[PDB]
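Single-structure report; data block below.
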Amino acid sequence: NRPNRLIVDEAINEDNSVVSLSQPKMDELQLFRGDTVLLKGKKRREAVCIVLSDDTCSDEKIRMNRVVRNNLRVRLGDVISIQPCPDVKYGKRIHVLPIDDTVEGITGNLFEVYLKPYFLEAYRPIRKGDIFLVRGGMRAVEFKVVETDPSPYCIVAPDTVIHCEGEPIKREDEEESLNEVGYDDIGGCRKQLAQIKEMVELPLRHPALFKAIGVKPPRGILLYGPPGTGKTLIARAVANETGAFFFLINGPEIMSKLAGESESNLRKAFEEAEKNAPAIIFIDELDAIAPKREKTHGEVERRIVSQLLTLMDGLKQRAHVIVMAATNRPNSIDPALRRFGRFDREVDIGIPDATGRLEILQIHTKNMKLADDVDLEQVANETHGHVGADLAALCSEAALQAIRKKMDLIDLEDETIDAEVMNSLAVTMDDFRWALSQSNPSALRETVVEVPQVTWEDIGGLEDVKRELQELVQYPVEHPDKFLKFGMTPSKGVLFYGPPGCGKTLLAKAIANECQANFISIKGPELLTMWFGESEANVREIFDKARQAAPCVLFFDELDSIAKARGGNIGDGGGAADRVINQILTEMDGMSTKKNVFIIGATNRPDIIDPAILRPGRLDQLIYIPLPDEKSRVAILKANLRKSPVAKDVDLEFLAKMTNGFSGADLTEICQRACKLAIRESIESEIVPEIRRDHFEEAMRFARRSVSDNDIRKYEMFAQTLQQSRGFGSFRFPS
Amino acid sequence: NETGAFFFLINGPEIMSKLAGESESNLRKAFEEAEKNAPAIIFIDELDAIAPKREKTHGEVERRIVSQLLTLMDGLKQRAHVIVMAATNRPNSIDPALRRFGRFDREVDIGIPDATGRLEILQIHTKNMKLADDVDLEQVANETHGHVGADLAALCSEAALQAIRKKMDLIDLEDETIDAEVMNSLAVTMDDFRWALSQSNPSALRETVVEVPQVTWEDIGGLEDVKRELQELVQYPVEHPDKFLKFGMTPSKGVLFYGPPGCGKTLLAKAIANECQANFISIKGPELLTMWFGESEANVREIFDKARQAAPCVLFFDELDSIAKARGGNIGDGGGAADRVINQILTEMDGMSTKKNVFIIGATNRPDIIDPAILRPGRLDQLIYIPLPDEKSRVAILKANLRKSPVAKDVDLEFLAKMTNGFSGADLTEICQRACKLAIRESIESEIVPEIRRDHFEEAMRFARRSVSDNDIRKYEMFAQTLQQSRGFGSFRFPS
Ligand SMILES: Cc1cc2c(C(N)=O)cccc2n1-c1nc2c(c(NCc3ccccc3)n1)COCC2
Ligand SMILES: Cc1cc2c(C(N)=O)cccc2n1-c1nc2c(c(NCc3ccccc3)n1)COCC2
Ligand SMILES: Nc1ncnc2c1ncn2[C@@H]1O[C@H](COP(=O)(O)OP(=O)(O)O)[C@@H](O)[C@H]1O
């Protein structure tokens, strides 16, 4: 079967011309890490690149870049043959010129100022009839060769000369512009984008197989998340890189036109897409199409909603059309649109984490050069409530300040702006310091679903809790098989209790990292808001988005907030049962045990917690979080001081030994007071940048202890209320 | 298709899709074109989208179309054979004027298939795709309970794409026409189905599950006192209808039993349903307390409606005292023990027919706060007490918990059940769970044995709780021979 062709996929490397393979790949073709490789394809064209060795990408797979996928005219799901080509090449004369589509506003020489600097120390090959793309110079421009030395023998070298004629040649329809959006342009959405690959690549890349088998492909995908998360360029990229006819309808334009032709327009949208098979239809605004919850107004609204329902219901085999849609909330859509055959597959995307946000900055700043002291990693750390469009706007906004701080002194007012100054436009760090000050982000109060960064290693002590948490949620995650072998269902959730300020939230975060699971935190105010507001559909989406992000962990902070607000143990004439806890009970009863979703309840007063939530099957597992011991207190001190200059003589072991009945909050305020004293001494001494032993010794005087002994006694009475290890302590079997 | 009748399908959204004025004409001419194709059959797919006459009250054309349908179905004389079937989600989501005589008199309610019902629905959708010798569809239809018939139809295809994707990467056969000599080798694997139940999010999860249980009286040991009265209280009117008309005694409408928590009240009700071969409907506490807080009290209407159409059925109310606990209990507020939800249940139970085989079972752990009116004769006059499991019944609880675990020969469950006396079913359950946890932990740590050993149970026996106190047993008994009263007339002699 000629075992030489392999499938093509996307490369995670950010390099321009780098091809990554697996370990048993170059050992068969006896090629080194800097040899010459020749690749072929359709249209009777060849290619040449540089093979790079990598053993971390995958097990047996070849990577392949975007700048050459369009150059060789290759699309996904195709076969590619690779063979070594040890041919000595040497370029002598070159002649490249850009296309008159991206050179607007550029004058003067442009060959000895951009092309010469980037060619050196690269030795990149080039074949005849190729459109390479280069990023930099505050723009995205390309060049095309029309006449040079006979192919091949093309090697870049500083000794090579170049020349120009002065007449750009327009591009044709055979090639595709690389300025559009592809898979490499998506940053942060890794797990969510991975799903669309296994749902839209089968029907669009292999049509004859679907008109051969009886499998019904999905007829609709609903994307989610707040505006700006990137629901549109995802749909445009999965169309641009799949060769499917992308047809965009926004959703407000349907209501923009007169009543009577709006239905006809999105009707004919479906037939014009069908004849362009394979096709892909994306509806940008859908909550503005079917808000069938409180509107109940407008004869044409229902007519358009039903017209869409009919157009998507009659999606038989016929041709390959995929109808994706975007909206903000799951409940803001007509439930009749969620039926089978209209929207069966739903993918929810959200705010990218720090790692997800880091990869979204450089994609938007690849054109603007940075300085040696400008790092994008630290700027994606203090921001947590920024949507993907927020940072896209922030990059440009910093760019105007960067150019404004120099145009005042340059004072070059003319009709046409010379292209010899963009090379000197380097952004500074102060350009970004102002960027996070006046920028007001949109998505700030939402469910942050991110994997934490706190592990068990950075938590000292608490071996008693470490051992039971690891055997209660980690075992069903890392060893599913040993549970079916023993016929034991995993526990649904655990509620732990303890004095305030002892790290219950951090413990839940740490157990999420051990299982490599997502983490969702619901604090007290979010739980008590729906109690006062009499709006109790909010737990529905909480439990919905907790289960779609499998595997996840659900954490409820200060669960006793409603009981405290109602009175507690007695309060009013009623008991300890309310409506919000009832909704949580209903949602937990209906969950599937085979899923890896896990609910963790945190409380400081477990005596006022409703007994029904602790019933077996919901939160039967109760563990007690005590005060940190000597080993765990050092961890709290060093976590607080990990960002501060600590002197060598400042011994944290002794400080943690001295404080015994101290909570995490008590150590936190000790560290904060020491830092305040150090800052004040540094400020007053100006008229030293190191925290000294005296700072901690003096701040140790105002040492509080917020947790009293009576509290520890009342928590214990609760603890071996449920321990009861009496009676059957000594048992001997007969034989 | 199998009756040779002209099938004409109208969805229901297409009526609202077209302009106002011809939509009425289209579903009008739909009826005459069906009549001349006699015999005919008309099915309306979306009907809740046609007549949502409960909260809409908006749109002149909506009422016009609803009335046009009412006129088209009212004028259904003999003439020709046309049958107008329709589909909708809820009974209350339909215009009540459509339920009149001559429009929709016959109603059939279908629901989620059970494990047996789901098993026969898999192979019909996978008859074309060949399976392996280790792929069994029975075990995959067991852990799923909230899957609609379309859910598994989608799941089969979804597993098919994974099955072909795991091999197309290595086959690497890219061409225009795909050869037919490879489908014969497309065999689905069990791992194709393991991933299928992970990312698939089912739709119907929070609904009334109406299925026949699988727990019988044989697997329940002991409880002969309750076995004898339950068998003579609901089984007799089901298996011997004639002996009741012969003796002129009406069957009891329902029985409420009480007992300490975690003793198997739900399992007892399930077992008595299998003995009578009757359907079982369970209503837990949260579903009862949701409508109390929500002030939405039409929910008991459909509960009692779907409990009576599935004749014969058994209706089970779990923790009936939930509303009383939420309101305070014996005293609580200035009010008594009467509320709105229990009032609706009383109204629905008073209006039921005794000749039907529907049966209501109430379960509670605090019968002192139960409203007295629900225990009035004719509604729940029969009260039976569920005690702690005895030695014979505790072995059943242990073996039910351990029926899926590797039990060693030396592990004697009879002795373990003998040792624990005042232990509830929950206490034995946590003992078994703790022993399984210890065995799993030892197996995991020993890797760096696949059998539960005697030591696992012996060590886990140390943390043996007893959640039910003696004061609780005393307070339940005070309630029990509160209503026993076998004094006074204990010795009677007739004259002759
Ligand atoms: C700033 C900080 C404040 C704080 C508090 C508090 N009431 O201020 C309570 C518990 C932990 C706390 N931390 C804290 N924060 C961190 C860590 C850490 N050490 C491990 C730990 C966790 C729970 C328990 C013990 C010790 N402690 C470890 O690395 C991540 C951040
Ligand atoms: C897992 C299980 C837990 C449990 C509990 C509990 N609070 O954990 C209470 C009562 C019965 C329980 N079962 C249980 N489950 C089953 C059976 C069975 N034995 C019969 C029985 C029923 C009620 C009573 C006695 C004994 N017991 C029998 O086969 C079906 C499943
Ligand atoms: N997750 C993301 N990855 C890459 N770019 C993004 C992302 N989210 C937003 N952007 C950028 O923000 C800009 C605005 O996106 P926008 O059209 O608001 O997305 P949507 O239509 O989904 O709200 C786009 O040009 C896009 O490049």
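Chains A and B are the protein sequences, given in the same order. Residues in the first sequence are numbered consecutively from 135, following this note's numbering. Residues in the second sequence are numbered consecutively from 2, following this note's numbering. We treat Cβ as the ideally placed atom computed from N, Cα and C, and that holds for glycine.
Residue i CB to nearest chain B CB: under 8 Å?
i	result
A:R197	no
A:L719	yes
A:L336	yes
A:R452	no
A:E831	no
A:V599	no
A:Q496	no
A:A342	yes
A:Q682	yes
A:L155	no
A:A711	yes
Roughly how far, in whole angstroms, is the beta-carbon of residue i from the beta-carbon of residue j, given that I think they are within contact range, below 8 Å?
i	j	result
A:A790	A:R807	The pair is not a contact, with the Cβ atoms about 16 Å apart (cut-off 8 Å).
A:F630	A:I759	5 Å
B:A161	B:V183	The Cβ separation is near 14 Å, so there is no contact.
B:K307	B:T209	6 Å
Residue i and residue j: beta carbons closer than 8 Å?
i	j	result
A:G362	A:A470	no
B:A279	B:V239	yes
B:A374	B:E320	no
B:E212	B:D115	yes
B:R65	B:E25	yes
A:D421	A:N462	yes
A:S151	A:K195	no
A:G300	A:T550	no
A:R401	A:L443	no
A:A453	A:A403	no
A:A781	A:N730	no
At least one CB of chain A closer than 8 Å to the CB of residue i: is that the case?
i	result
B:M462	yes
B:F294	yes
B:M17	yes
B:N344	no
B:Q434	yes
B:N472	no
B:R101	no
B:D96	no
residue 1 of chain B	Residue 1 of chain B lies beyond the residue range present for chain B, which begins at 2 and ends at 497; the question has no answer from this structure.
B:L162	yes
B:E139	no
B:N129	yes
With 7 Å as the limit, tell me which residues of the stretch 418-448 of chain A have their beta carbon closer than that to any beta carbon of chain B; keep them in chain order. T430, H431, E433, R436, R437, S440, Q441, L443, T444, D447
Can you give, in chain order, each stretch of the beta strand (DSSP E) that sits fully within the stretch 341-414 of chain A and has at least 3 residues? 355-357, 379-383
Minimum length 4: unbroken alpha helix (DSSP H) runs contained in the stretch 388-441 of chain B: 392-403, 414-420
Can you give, in chain order, each stretch of the alpha helix (DSSP H) that sits fully within the stretch 256-339 of chain B and has at least 4 residues? 266-276, 286-295, 300-310, 323-328
If contact means a Cβ-Cβ distance below 9 Å, which residues of the stretch 258-292 of chain B contact chain A? Result list: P262, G263, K285, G286, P287, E288, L290, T291.
Could you give the uninterrupted runs of the beta strand (DSSP E) lying entirely in the stretch 151-217 of chain A, keeping only those of 3 residues or more? 171-174, 180-183
The stretch 601-623 of chain A: positions lying closer than 7 Å to chain B by Cβ: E605, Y609, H613, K616, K619, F620, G621, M622
Enumerate, from N- to C-terminal direction, the unbroken alpha helix (DSSP H) stretches of 4 or more residues contained entirely within the stretch 53-77 of chain B. 61-75
The stretch 243-255 of chain A: which residues have C-beta closer than 8 Å to a C-beta of chain B, in chain order? Of all residues in the stretch 243-255 of chain A, none has a Cβ within less than 8 Å of some Cβ in chain B.
Any C-beta of chain A within less than 8 Å: which residues of the stretch 427-456 of chain B qualify? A427, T430, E431, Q434, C437, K438, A440, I441, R442, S444, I445, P451, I453, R455
Residues of the stretch 343-359 of chain A with a CB closer than 9 Å to any CB of chain B: list them in chain order, please. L343, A346, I347, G348, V349, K350, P351, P352
What residues from the stretch 398-418 of chain A come within 8 Å of chain B, judged by C-beta to C-beta, listed N to C? none
Please list, in chain order, the residues of the stretch 181-213 of chain A that have any C-beta partner in chain B closer than 8 Å. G211, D212, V213
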